[PDB]
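Asker: Let me give you the structure first, and then I'll get to my questions.
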Amino acid sequence: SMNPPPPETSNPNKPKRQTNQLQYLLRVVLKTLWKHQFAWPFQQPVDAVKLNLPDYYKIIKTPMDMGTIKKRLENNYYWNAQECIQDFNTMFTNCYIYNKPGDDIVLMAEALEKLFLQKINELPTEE
Ligand SMILES: CCS(=O)(=O)Nc1ccc(Oc2ccc(Cl)cc2)c(-c2cn(C)c(=O)c3ccccc23)c1
């Protein structure tokens, strides 16, 4: 089972803008999560070939990872903060759906999600 193409990070047909919230998501939120000790398995798409997980993309049909999110933020792919927040939430949810409660990868996702939620509670009001 080969890997799918990664999620899109550039598309001239999709509208986009910069907002103060999206700039916070890159400079504060992504930056903090990216340097966490447990970030590395989330820094690129799940490579189901390398991991010998041929079922992964039979079960997870909306893949997401922080490397994709980072590129989307650096490329100003998004129209609003909610789109980007949804990508982080999809990344976490996928991990919790695919893996067993208590698996190491789930504990690593949960630590990142705890930091994410702190930072999202501090999301600035739109200017
Ligand atoms: C960089 C993406 S990669 O695919 O190229 N490499 C890579 C390497 C290891 C991975 O898993 C572990 C990592 C650390 C521990 Cl302690 C335990 C498992 C994963 C991985 C990530 N996710 C989000 C999963 O849901 C997942 C589910 C099952 C197996 C592996 C993974 C990906």
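Identifiers in this document derive from the order of the structure tokens: chains are assigned A, B, ..., residues are numbered from 1 separately in each chain, and ligands are numbered from 1 in order of occurrence.
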Residues contacting ligand 1 - anything with an atom at most 10 Å away, using only C-alpha atoms and all ligand atoms - can you give me those as a ChimeraX atom specification?
Answerer: /A:38-53,56,60,63-67,91-100,103-109
Asker: I need the residues from that last selection saved to file as a short mmCIF file (atom, residue, chain, number, x, y, z; two decimals), in the first residue's frame (with C-alpha atoms), if you can.
Answerer:
data_model
loop_
_atom_site.label_atom_id
_atom_site.label_comp_id
_atom_site.auth_asym_id
_atom_site.auth_seq_id
_atom_site.Cartn_x
_atom_site.Cartn_y
_atom_site.Cartn_z
CA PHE A 38 7.57 14.49 21.21
CA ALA A 39 6.99 16.51 18.02
CA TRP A 40 9.12 14.52 15.59
CA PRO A 41 6.60 11.74 14.60
CA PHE A 42 4.20 14.53 13.63
CA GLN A 43 6.63 16.66 11.61
CA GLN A 44 5.95 14.85 8.30
CA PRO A 45 3.04 12.85 6.87
CA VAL A 46 2.63 9.31 8.18
CA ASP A 47 4.76 7.13 5.91
CA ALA A 48 2.73 3.95 5.85
CA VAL A 49 5.29 2.23 3.67
CA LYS A 50 8.25 2.85 6.01
CA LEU A 51 6.15 1.91 9.03
CA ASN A 52 4.66 -1.22 7.42
CA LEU A 53 1.12 0.09 8.08
CA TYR A 56 -3.26 3.39 7.61
CA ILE A 60 -7.42 7.58 7.92
CA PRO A 63 -4.47 12.82 6.92
CA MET A 64 -2.72 15.77 8.50
CA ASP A 65 0.66 16.48 10.07
CA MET A 66 2.61 19.44 11.38
CA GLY A 67 4.97 19.58 8.42
CA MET A 91 -3.91 15.54 13.16
CA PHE A 92 -4.66 14.73 16.81
CA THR A 93 -7.96 13.01 16.08
CA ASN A 94 -6.42 10.82 13.40
CA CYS A 95 -3.83 9.63 15.91
CA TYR A 96 -6.47 8.83 18.49
CA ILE A 97 -8.66 7.01 15.96
CA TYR A 98 -5.93 4.90 14.40
CA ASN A 99 -4.00 3.94 17.55
CA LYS A 100 -4.99 2.28 20.83
CA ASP A 103 -0.05 3.62 22.94
CA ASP A 104 3.19 5.60 23.05
CA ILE A 105 2.25 7.63 19.96
CA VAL A 106 -1.04 8.56 21.63
CA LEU A 107 0.77 9.73 24.79
CA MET A 108 3.03 11.86 22.54
CA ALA A 109 -0.01 13.36 20.73
#
Asker: With only C-alpha atoms counted and 6 Å as the cut-off, give the residues of stretch 36-90 of chain A in contact with stretch 3-19 of chain A, each with its shortest interatomic distance in Å and the pair that gives it, as JSON lines.
Answerer:
{"residue": "A:72", "atom": "CA", "partner": "A:9", "partner_atom": "CA", "distance": 5.2}
{"residue": "A:77", "atom": "CA", "partner": "A:16", "partner_atom": "CA", "distance": 5.7}
{"residue": "A:78", "atom": "CA", "partner": "A:16", "partner_atom": "CA", "distance": 5.0}
{"residue": "A:79", "atom": "CA", "partner": "A:16", "partner_atom": "CA", "distance": 4.2}
Asker: Using backbone DSSP assignments, extract all alpha helix (DSSP H) residues from chain A; output them as a ChimeraX atom specification.
Answerer: /A:20-24,31-34,56-59,66-74,81-98,104-121
Asker: Using only C-alpha atoms for the distances, tell me which of A:59, A:85, A:111, A:117 is nearest to residue A:73.
Answerer: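 That would be A:85, the residue with the smallest distance to residue A:73.
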Asker: Using only C-alpha atoms, find the one residue out of A:32, A:62, A:80, A:89 that sits nearest to residue A:20.
Answerer: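 Nearest candidate to residue A:20 out of A:32, A:62, A:80, A:89: A:80.
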Asker: Mind giving me the straight-line distance from atom CA of residue A:75 to atom CA of residue A:25 in Å, one decimal?
Answerer: 13.0 Å
Asker: Which is closest to residue A:30 among A:90, A:127, A:76, A:112, if we use only C-alpha atoms?
Answerer: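 Residue with the minimum atom-to-atom distance to residue A:30: A:112.
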Asker: May I ask for the distance between atom CA of residue A:29 and atom CA of residue A:113, given in Å to one decimal place?
Answerer: 10.9 Å
Asker: Measuring between only C-alpha atoms, which one of A:68, A:37, A:82, A:1 shows the shortest distance to residue A:126?
Answerer: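 Residue with the minimum atom-to-atom distance to residue A:126: A:82.
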Asker: Neighbours of stretch 122-124 of chain A within 8 Å (only C-alpha atoms; same-chain residues fewer than 2 positions away dropped), as a VMD selection string?
Answerer: chain A and resid 20 to 21 24 118 to 120 126
Asker: What would the file look like if the residues just selected were written as an mmCIF file, in the first residue's frame with N, CA and C atoms?
Answerer:
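again-v5.cif, freshly written:
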data_model
loop_
_atom_site.group_PDB
_atom_site.id
_atom_site.type_symbol
_atom_site.label_atom_id
_atom_site.label_comp_id
_atom_site.auth_asym_id
_atom_site.auth_seq_id
_atom_site.Cartn_x
_atom_site.Cartn_y
_atom_site.Cartn_z
ATOM 1 N N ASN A 20 -3.793 38.472 11.993
ATOM 2 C CA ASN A 20 -2.982 38.435 13.213
ATOM 3 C C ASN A 20 -3.094 37.078 13.911
ATOM 4 N N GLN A 21 -4.245 36.423 13.822
ATOM 5 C CA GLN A 21 -4.403 35.110 14.421
ATOM 6 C C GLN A 21 -3.551 34.069 13.702
ATOM 7 N N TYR A 24 0.014 34.488 14.739
ATOM 8 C CA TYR A 24 0.191 33.854 16.056
ATOM 9 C C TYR A 24 0.273 32.334 15.940
ATOM 10 N N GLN A 118 -3.437 25.041 25.539
ATOM 11 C CA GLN A 118 -3.016 26.243 26.266
ATOM 12 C C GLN A 118 -2.825 27.415 25.306
ATOM 13 N N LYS A 119 -2.119 27.172 24.206
ATOM 14 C CA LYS A 119 -1.825 28.258 23.272
ATOM 15 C C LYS A 119 -3.072 28.744 22.549
ATOM 16 N N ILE A 120 -4.026 27.854 22.263
ATOM 17 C CA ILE A 120 -5.256 28.267 21.575
ATOM 18 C C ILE A 120 -6.171 29.019 22.535
ATOM 19 N N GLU A 126 -9.154 38.911 16.889
ATOM 20 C CA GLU A 126 -8.835 39.339 15.534
ATOM 21 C C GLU A 126 -8.744 40.855 15.462
#
Asker: I'd like the interatomic distance between atom CA of residue A:35 and atom CA of residue A:115, to a tenth of an Å.
Answerer: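 If I compute the distance from atom CA of residue A:35 to atom CA of residue A:115, I get 11.4 Å.
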